[PDB]
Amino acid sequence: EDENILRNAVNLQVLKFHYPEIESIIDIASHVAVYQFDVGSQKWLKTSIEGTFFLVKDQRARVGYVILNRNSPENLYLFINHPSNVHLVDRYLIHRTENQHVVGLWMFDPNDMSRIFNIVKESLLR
């Protein structure tokens, strides 16, 4: 349990100031850049959101993530509703939301990507 308290130290209080519904941080990845797939244009666009990625669970045990944006106060907080909508494709984590609304995550450390992929799947395991 020590490693969980270590990652929640400071960070959880920070995330709860913005999103008090967040119950705990599950994992962290440094320097994650966010991309958005423009369906209809069939092109990826690099967004302005870049920062620490926190995999979190809410007060109802729903899994999601926050990217605490270094570039503006506008962060990104999404839920991962179905584990099969998260795919590890090449060097990226691809997150699909049902209506062809797709985001791409690039994590600075390749080991965080594959660990976070697994932790997403197991945090959603029923």
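All residue numbers are counted from 1 along the displayed sequence. Rigid core: the largest C-alpha set superposing within 1.5 Å between the two forms.
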**Report entry** Outlying stretch relative to shown form, 93 to 101 versus 51 to 59 in 5 other deposited structures of this protein, C-alpha RMS (core)
**Finding:** 93 to 101
Requested in this report: Determine, for 105 to 113 and 6 to 14, which one has C-alphas that on average lie farther from this form in 5 other deposited structures of this protein; superpose on the rigid core first.
Outcome: 6 to 14
**Report entry** Residue gap status of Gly40, at least a third of other entries
**Finding:** yes
Query raised in the report: Which wins on mean Cα temperature factor, 17 to 25 or 105 to 113?
Result: 105 to 113
Query raised in the report: Averaging C-alpha B-factors over each stretch, which comes out higher, 66 to 74 or 96 to 104?
Result: 96 to 104
Query raised in the report: Going by the entry, which of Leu55, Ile49, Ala61, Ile80 has the most elevated CA B factor?
Result: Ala61
**Report entry** Record-listed C-alpha B factor of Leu45: chain third
**Finding:** highest
Query - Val89 - which third its CA temperature factor falls in, relative to the rest of the chain - result: highest
Query raised in the report: Going by the entry, which third of its chain does the Cα temperature factor of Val39 land in?
Result: highest
